[PDB]
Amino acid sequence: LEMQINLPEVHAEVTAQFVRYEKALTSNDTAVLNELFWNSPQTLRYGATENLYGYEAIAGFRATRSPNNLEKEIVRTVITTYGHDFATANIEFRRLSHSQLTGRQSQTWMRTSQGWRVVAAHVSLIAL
């Protein structure tokens, strides 16, 4: 894997799915948000204020989340692919409601037979 860092075609596919994910967040398109998370009990998301274990818990969280005050400005993005089937996506952002905090979002992506999926995610806000 270490011999195949950021193969152009792989990096392009993952970047596309990442943009898809970010677009679905802004429109609260829960169908796409759920589509992009790996459907497995192992999948997990450490959110800004909650820890969710399993796809079912993540999907359930998305159903009960309010689409209000969701906007976020991405400031930095690093997408790295390893071989043909694995990737990480790491971003910094600012959320408009907490202008004094810098946001971090990490995702690990895996290529499944149904396409790229997030297997684990972690979001946090800090003051620098």
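Each residue number is its position in the shown sequence, starting from 1.
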Between 109-117 and 19-27, which has the larger average Cα B-factor in the PDB entry? 19-27
Can you tell me whether 90-98 has a higher mean C-alpha B factor than 75-83 in this record, or the other way round? 90-98
From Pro67, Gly54, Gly103, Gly60, which pick has the Cα B-factor that tops the rest in the entry? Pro67
Entry-reported C-alpha B-factor of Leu44 relative to its chain, by third, is lowest
Quick check for you: using the entry's CA B-factors within this chain, is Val123 in the lowest, middle or highest third? lowest
